[PDB]
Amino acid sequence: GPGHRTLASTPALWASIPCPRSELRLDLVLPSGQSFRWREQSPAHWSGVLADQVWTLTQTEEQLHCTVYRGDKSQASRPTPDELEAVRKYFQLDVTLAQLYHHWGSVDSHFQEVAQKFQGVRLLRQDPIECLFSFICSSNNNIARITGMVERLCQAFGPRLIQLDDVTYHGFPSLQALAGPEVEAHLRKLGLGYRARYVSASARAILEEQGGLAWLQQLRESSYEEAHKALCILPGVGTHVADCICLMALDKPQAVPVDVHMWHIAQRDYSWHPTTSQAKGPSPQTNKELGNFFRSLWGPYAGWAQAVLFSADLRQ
């Protein structure tokens, strides 16, 4: 298929969004375990599926440049303002990150030192279905392997979009695509391990027991506490996966996912121990306490602060 585009080579096909590097660093956000569907197919150019279409993104110092491959056999053209609005919404650019960074660093000198090096780590606003099933795949696993699982999931069950170079892009699967009684065994052949049952069972649960796709909108509109509790009914979704979905797709900025990294960070960088449990190792109680600790430290956007330290810890 046609080539992945670069900004310098095809400038007619790109349009810009005002966005300084202090507000966004694509190389620190897109491969850091929020979305698993972006790839740096050319140096400094990131390609992936965003609102049912393939996009490539690249930055200059003050602008985010975007290009869209529409693949309806239409003539190539730069993104329209309406199309760019989807990219603006995905990166939540109405939130001003430099002001959050000032607050987090003011209350936390360790955060301040990390943030000096890791500018522009913000939170994507993801589709709830893509986020739910990607994070069901993430538990007790590593980002490289999760990325391959999500890719093969989309390849097998999501609609084909377009081919660029040797890469065939697919949309994320629907609930209905993942709900069949044959889907689990297929996802096992695709190497999802014991999470194959969780993906298929969770799709069935949403369709058969929760009212379908509208339930995720209910949870978007619900409090953090109510959305967090409700998600945990799903097979494979415990408190960490539920917090990932709350933070990254249901607009709960205070949700703080607590994984192996955040636990290591708490111990190493904060010398933290739980005070609501005599036993100090990970447990339902101590994981709950740690998320409350980070919220008390960083404030209402504590989950966004978590994403900064998580991105940095993947690099260290």
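Numbering starts at 1 and follows the sequence shown.
- Taking the PDB entry as given, 47 to 55 carries the higher mean Cα B factor of the two stretches 47 to 55 and 283 to 291.
- Of the two stretches examined, 67 to 75 and 190 to 198, the record assigns the greater average C-alpha temperature factor to 67 to 75.
- Ranking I162, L124, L213, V241 by the C-alpha B-factor listed in the PDB entry places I162 at the top.
- Out of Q217, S134, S139, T80, the entry records its largest CA B-factor for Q217.
- Per-chain ranking of the deposited C-alpha B factor places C246 in the lowest third.
- In the deposited entry, the Cα temperature factor of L7 places it in the lowest third of its chain's modelled residues.
- When the CA B factors of the chain's modelled residues are split into thirds, the value for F91 lands in the middle one.
- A305: CA B factor lies in the lowest third for its chain, per the PDB record.
- Per the PDB record, residue ranking by Cα B-factor puts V237 in the lowest third of the chain.
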